[PDB]
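For reference, the chain that follows is the form deposited in one PDB entry, supplied as structure tokens.
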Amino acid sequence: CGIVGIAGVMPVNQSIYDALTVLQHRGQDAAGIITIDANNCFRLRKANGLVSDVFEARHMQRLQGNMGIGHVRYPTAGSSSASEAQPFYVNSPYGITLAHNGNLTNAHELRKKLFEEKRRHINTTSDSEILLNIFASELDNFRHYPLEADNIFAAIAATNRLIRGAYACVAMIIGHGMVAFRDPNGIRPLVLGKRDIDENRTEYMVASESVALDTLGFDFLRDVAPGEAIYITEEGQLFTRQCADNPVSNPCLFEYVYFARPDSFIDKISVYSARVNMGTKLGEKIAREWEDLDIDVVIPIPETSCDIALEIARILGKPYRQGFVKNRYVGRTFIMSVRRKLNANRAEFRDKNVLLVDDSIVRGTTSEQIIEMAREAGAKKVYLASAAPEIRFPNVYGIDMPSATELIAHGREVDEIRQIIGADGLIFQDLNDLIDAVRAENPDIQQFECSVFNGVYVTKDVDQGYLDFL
């Protein structure tokens, strides 16, 4: 999922659509935008589909207002993918809407408490409707009107004591403004930016990625700190206050590996640069543990791995060539597999021992089939290098990973995987290597959230119980 929120001094409908389009890689199952018009009323458009399919002119026309949020949803299986989309809304207290990227690990416990204590009905399976409600109930506690920044921060604080997991949220309160907050372990991404229209007017915005500020011409200010909350009034006044008991930066590693765009700077780290670095280290590993290997060229499996493979070729002093081309358009198969996504440039494989480079291997299907494609194009020996370490555990913080059994690496040794996928050789990046590759870009980040690679969940509240429940 991806989120954006603008606190402008002029129409934001187009800007949000535009920010959501550069954040579309984070989710295409559904999209939604909601603003607050001059009458302090919410205007909302949300449906399944791409951003470009969801918002038509009639819809934009209706999304009037100078403050608003948007959300693109990654088809989180389980949560219907045909279920109600975000942003979510509640009429009381005040009027609240919230968009969120992440996942609560105590969602069940939360909806039960909400039902018992507050009588708040949760219509969906989305733990975001849950978050919105916890946050709403905390704001229900205040008497005087309007709430003051502290009240709002106290509510976020109270909320953080209750919910557990990963989350980057942006929300809006009728008659008050916009609030954006981030979980205590700083897992899911969120950045703040601003745009001065003139000497006295300044707009603010937050997004899951810096690309969204970039495309709108907002100047990047900084990442929102772990546990921190930001409250921008309808008058453009900004407030920030730490709302978690023990904030620590454990940014998701996978954002760097695959999930995030290369032109984004998450937690001071350039995704591109980190990615090149993963190349350097992986090249070096191949060079250590595979010195006696005979390959004629390095071939990247587009897109992620394109610059990673180039680096690997540099390190190995071997030639880099584009053997695969990713189809820019993919059509559906009607009820009347990787080949529909990729095409092998025959001339680059014919009678060559090749080293293919991929960002990861989740299930192994793609990898096996890509390898078959190489063999069919004339390749003698086909070796596979994964820019990311083995993926053996599930992510429960907002990256939708297949079931533990679906993970080919799950319970299988590299060789057993190499065999199943039919590669002549298979090599993965060392977790420690990937860490250093990314860490090198900002050494103040000591630890990352790497549950998918090592079964260690920073929130320390995961066991087979939650897993099996899923």
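Rigid core (definition): largest C-alpha set, two forms, superposition within 1.5 Å. Note that residue numbering begins at 1 and tracks the sequence as displayed.
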With respect to the recorded C-alpha B factors, which stretch has the higher mean value, 437 to 445 or 47 to 55?
437 to 445
Which has the higher mean CA temperature factor in the PDB entry, 457 to 465 or 14 to 22?
457 to 465
Based on the PDB record, which member of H108, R201, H121, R261 exhibits the highest Cα temperature factor?
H108
From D267, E289, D196, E117, pick the one with the largest CA B-factor in the entry?
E289
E372: CA temperature factor from the record, placed by chain third, in the highest
On the chain's distribution of Cα B-factors, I69 falls within the third called lowest
Within this chain's modelled residues, let me know which third the CA B factor of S80 belongs to: lowest, middle or highest.
highest
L426's Cα B-factor: lowest, middle or highest third of the chain?
middle
Which third of the chain holds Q28 when residues are ordered by C-alpha B factor: lowest, middle or highest?
middle
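Below, we turn to the form deposited in another entry, even though it does not appear here.
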Rigid core as reference, CA moved 2 Å or more between the shown form and the other one - which of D263, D150, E109, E84?
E84
Does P75 show a Cα shift reaching 2 Å between the shown form and the other one after rigid-core superposition?
yes
I want to check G217: does it shift between the shown form and the other one by 2 Å or more at the Cα, with the core superposed?
no
Hey, the CA atoms of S81 and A388 end up closer or farther in the other form than in the shown form, with the change being 3 Å or more?
farther
With a difference of at least 3 Å, the CA distance of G411 and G78 in the other form shows the atoms farther
